[PDB]
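Undergrad: only geometry, no sequence info:
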DNA sequence: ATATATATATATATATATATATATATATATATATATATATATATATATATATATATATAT
DNA sequence: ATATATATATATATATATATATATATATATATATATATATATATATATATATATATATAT
């Protein structure tokens, strides 16, 4: 709407010039950068000792010296790991506190971007639908202030559960098939794993 | 027996909830809670379309491949029919295919999708919605179910 | 995943050279174009 | 004896000079968008010609 | 007789020129990036002057 039309463009001109997560993706070296940093943080997100990170990064740096165009240092990869952690602090990718480095939120967004990007299989998956389903049901039922309507909700849901209880009394249980189970599991991982986000 | 006990505990939960509701003790999403709750539910759906994107790309690519391969004279009629059937089965069993198939299966039980759209309308009616979502988001969510069906 | 521990850099090297969106985010003019395009499509729901 | 009080000693902080690590100003090269140019395609108009269908003259 | 054949106009197509917009490509100027020379911060040995106490004299 016009309310934000003219304003928004400037809102984006700003982010391009200053916001880190965007700035990184503009730099030529962005691929190696983001790959390596994902590598570093993946092992655990509780926080890494600085020089432990120096060591692991230097190890990863040598792995990719074969990427010739970026001239990854050879005579002392450990020193280069240090000179590059300096950069990822100065560029606000990793604030370090308590002596252990960490990933600025800008890095979280940038990383969750590239992952979704490539054409490997998707972030969401089938269960997502049943998820929005049940949550919408619950969200409506709660949001509804009319008490008789909550009564109707409870009556219908309890009658459903009564059907299934009677069936279970007769032993008519059913379970996900590997298809469904695997799908739901990947979904649930991708779901709770967003709580960690903010 | 595990499922039996699960059902027993759930029915007891809902029994207590009904007893409270009949006593007049219903509870509403406190006005601020509702806002974030809605923002959450919106964010949840905000993936489905962006992945039907890839469902389209995959089946489009499969079609392009089957065409491009049909030029091979070497292919008997029986070869091409088999290639078709196998391409479709493969594209179906892949995750995006599983998503598409799940969606389609839902369409057999249309009542669920229709009820979902109904509840979406009811939700977007509530005043809090205006705060939780600018005009555009409310528009799109109001018309989610369609924008999947069409897709 | 361990294979991906090296192959991953390959994917990202790929995206930054070919994938449209990524390439878009890079060019200098990008924000203006992206903002405007959203402005257009924003109203649209059938194209 | 215990307690005050002694010169010397233990241990230290500071100072000088040395080397190495880091931060920065600057240079330079490469990557990239953008202007200029030639050839192409689109569409216009202008005009000639071909086409269908009918008006019309005609055979038997 | 019924129906056949020619001339006319009309409706359409084709052809040509002018112009403009497009696309493909060259050359250019600009920006990012990495590379460099310099000055400065950390760590160290030796040496000295210092505070704390031993070691110690001396005392009640």
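TA: Noted; the coordinates are in hand. Numbers count the residues shown, from 1 in each chain, chains lettered A, B, ... in the order given.
Undergrad: going along the chain, name the strands of chain B.
TA: Counting by DSSP state E, one finds no strands in chain B.
Undergrad: how about the lengthiest helix in it and chain A, touching?
TA: In chain B, taking DSSP state H as the definition, the longest helix is helix B:48-70. Yes. Counting by Cβ under 8 Å from any Cβ of the partner chain, chain A is contacted by helix B:48-70 at B:48, B:50-51, B:54, B:57. No exception for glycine: its C-beta is placed from N, CA and C like everyone else's.
Undergrad: and chain A, which residues reach chain C?
TA: A:5, A:8-9, A:12-13, A:15-16, A:22, A:25-26, A:30-32, A:34-36, A:38-39, A:63-64, A:67, A:114, A:117-118, A:120.
Undergrad: and for chain A, the residue most distant from the center?
TA: residue A:170 (43.5 Å; Cα atoms, centre = their mean).
Undergrad: dump the residue contacts of that residue.
TA: Residues near residue A:170 by Cβ atoms under 8 Å, 6 or more residues apart in numbering or on different chains: none.
Undergrad: now it: how far from chain B?
TA: Counting by Cβ to the nearest Cβ, to the nearest Å, the gap from residue A:170 to chain B is 10 Å.
Undergrad: could I get the buried residue list for the longest helix belonging to chain A?
TA: When chain A is parsed with DSSP H, its longest helix is helix A:147-169. By neighbour count with 16 or more other Cβ atoms under 10 Å in any protein chain shown, helix A:147-169 contains the buried residues A:150, A:153-154, A:157-158, A:161, A:164-165, A:168.
Undergrad: tell me what it is packed against?
TA: Packing partners of helix A:147-169 (3 or more Cβ pairs under 8 Å, 6 or more residues apart in numbering or on different chains; DSSP states H and E): helix B:2-22.
Undergrad: quick one: is the helix it packs on near chain A?
TA: Yes. Judged by Cβ under 8 Å from any Cβ, helix B:2-22 and chain A are in contact via B:3-4, B:7-8, B:10-11, B:14-15, B:17-18, B:21-22.
Undergrad: what about stretch B:138-151, how long is it end to end?
TA: 19 Å (Cα to Cα, to the nearest Å).
Undergrad: for stretch B:18-34, same thing?
TA: Start-to-end, stretch B:18-34 (Cα to Cα) is 22 Å.
Undergrad: hmm, stretch B:114-128 in reach of chain A?
TA: Yes. Judged by Cβ under 8 Å from any Cβ, stretch B:114-128 comes into contact with chain A through B:116, B:119-120, B:122-123, B:126.
Undergrad: what's in contact with that stretch?
TA: A:132-133, A:136-137, A:139-140, A:143-144, B:31, B:34-35, B:38, B:41, B:129, B:138, B:141-142, B:144-146.
Undergrad: can you give me the buried ones in that stretch?
TA: In stretch B:114-128, counting by 16+ other Cβ under 10 Å, buried: B:116-117, B:119-120, B:123-124, B:126, B:128.
Undergrad: next: stretch B:58-75.
TA: B:58-59, B:62.
Undergrad: for chain B, give the residue positioned nearest to DNA strand E.
TA: residue B:64 (21.6 Å; Cβ to the nearest atom of the strand).
Undergrad: one more: chain A?
TA: Closest point on chain A to DNA strand E, by Cβ to the nearest atom of the strand, is residue A:27, at 2.8 Å.
Undergrad: didn't that residue look like it was pressed against residue A:33?
TA: Yes. In this structure, residue A:27 is within contact of residue A:33 by Cβ atoms under 8 Å, at 7.3 Å.
Undergrad: quick check: residue B:124 vs chain A, distance?
TA: Taken as Cβ to the nearest Cβ, the span from residue B:124 to chain A is 11 Å.
Undergrad: what strand or helix carries the most centrally placed residue in chain A?
TA: Against the mean C-alpha coordinate of chain A, by Cα atoms, centre = their mean, the closest residue is residue A:112 at 4.8 Å. In this assignment (DSSP states H and E), residue A:112 forms part of helix A:105-117.
Undergrad: any idea how far that helix is from the middle of the chain?
TA: What separates the centre of helix A:105-117 from the centre of its chain is 7 Å, taken as Cα atoms, centre = their mean, to the nearest Å.
Undergrad: quick one: list the elements packing against it.
TA: helix A:20-26, helix A:30-42, helix C:4-18, helix C:20-26.
Undergrad: tilt between the third one and helix A:50-63?
TA: By that I understand helix C:4-18. Counting by axes from the mean of the first three to the mean of the last three Cα atoms, to 10 degrees, helix C:4-18 lies at 70 degrees to helix A:50-63.
Undergrad: which of residue A:27 and residue A:33 has more neighbours?
TA: residue A:33 (22 against 12; other Cβ atoms under 10 Å in any protein chain shown).
Undergrad: touching, the more buried one and residue A:26? I think so.
TA: No. Using Cβ under 8 Å, residue A:33 is not in contact with residue A:26, being 11.5 Å away.
Undergrad: any common contacting residues for the two?
TA: The contact sets of residue A:33 and residue A:26 do not overlap (Cβ under 8 Å, 6+ apart).
Undergrad: the closest residue in space to residue A:126 that isn't next to it in sequence: how many residues sit nearby?
TA: Closest residue to residue A:126 in three dimensions, ignoring its sequence neighbours and counting by Cβ to Cβ, 6 or more residues apart in numbering or on different chains: residue B:102, at 4.0 Å. A count of nearby residues for residue B:102, using other Cβ under 10 Å, gives 18.
Undergrad: for DNA strand D, see how far away the residue nearest to residue B:135 when sequence neighbours are not counted is.
TA: Excluding the flanking residues, the one nearest residue B:135 by Cβ to Cβ, 6+ apart is residue A:1, at 5.8 Å. From residue A:1 across to DNA strand D, the span is 28 Å (Cβ to the nearest atom of the strand, to the nearest Å).
Undergrad: next, count neighbours for residue 51.
TA: No chain in the question, so chain A it is. 13.
Undergrad: chain B is the one I meant
TA: Neighbours of residue B:51 (other Cβ under 10 Å): 20.
Undergrad: surely it and residue A:122 touch.
TA: Yes. Assessed by Cβ under 8 Å, residue B:51 is found in contact with residue A:122 at 4.3 Å.
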